[PDB]
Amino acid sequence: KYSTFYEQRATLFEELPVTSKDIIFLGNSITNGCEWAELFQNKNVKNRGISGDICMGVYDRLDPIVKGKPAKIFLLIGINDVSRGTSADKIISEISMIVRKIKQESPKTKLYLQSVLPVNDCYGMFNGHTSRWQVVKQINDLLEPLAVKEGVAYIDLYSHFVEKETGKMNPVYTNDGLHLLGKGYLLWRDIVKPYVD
């Protein structure tokens, strides 16, 4: 069901042009689930999220995005690779490939690496994801130095969504332990709005 949905969205994305004014939100279902243009009241903000996507899935569909030379790319990816048992090291290594590809194909694009969001097992759903809540911090501990090493920005969403007493996502923003309710996207908007306009 992922590969067919991936192909549906990816072939649609190849028909929608990307211009140099565009602000791209790129990632998996946490990106897919939002109406980003409405959330920011900005016609230039475009959704390139695909539910279920992994790091190499994003890498393989970069061409219709970088060929447009967009203004900004906000990237949030990785949690689905955690659910497959992939280590934080390999995930960082695959995110590094995405960063280098973008920097070489579109050097004027501003790239923003967003921290992987925390998860919570309290609702008993997506146990492949939520049982590995400790890996989220392992990834972000490596993701921020990668951003500095490559000269791109790092956005700490994690600290605003997490409960410091548990290390898991605050249940007020989620109904399944992984995805966001409307209130979760409003918090996300408040954090990244300065980077958008």
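Numbers follow the displayed sequence, beginning with 1.
When the C-alpha B-factors of 24 to 32 and 141 to 149 are averaged, 141 to 149 comes out higher. As recorded in the PDB entry, 98 to 106 is the stretch of 72 to 80 and 98 to 106 with the greater mean C-alpha temperature factor. Annotation for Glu7: CA B-factor lies in the lowest third of the chain's modelled residues.
For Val172, the recorded CA temperature factor ranks within the middle third of the chain's modelled residues. When the CA B factors of the chain's modelled residues are split into thirds, the value for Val136 lands in the highest one.
The entry lists a Cα temperature factor for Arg48 that places it in the lowest third of the chain's modelled residues.
In this PDB entry, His129 carries a Cα temperature factor that places it within the middle third of its chain's modelled residues.
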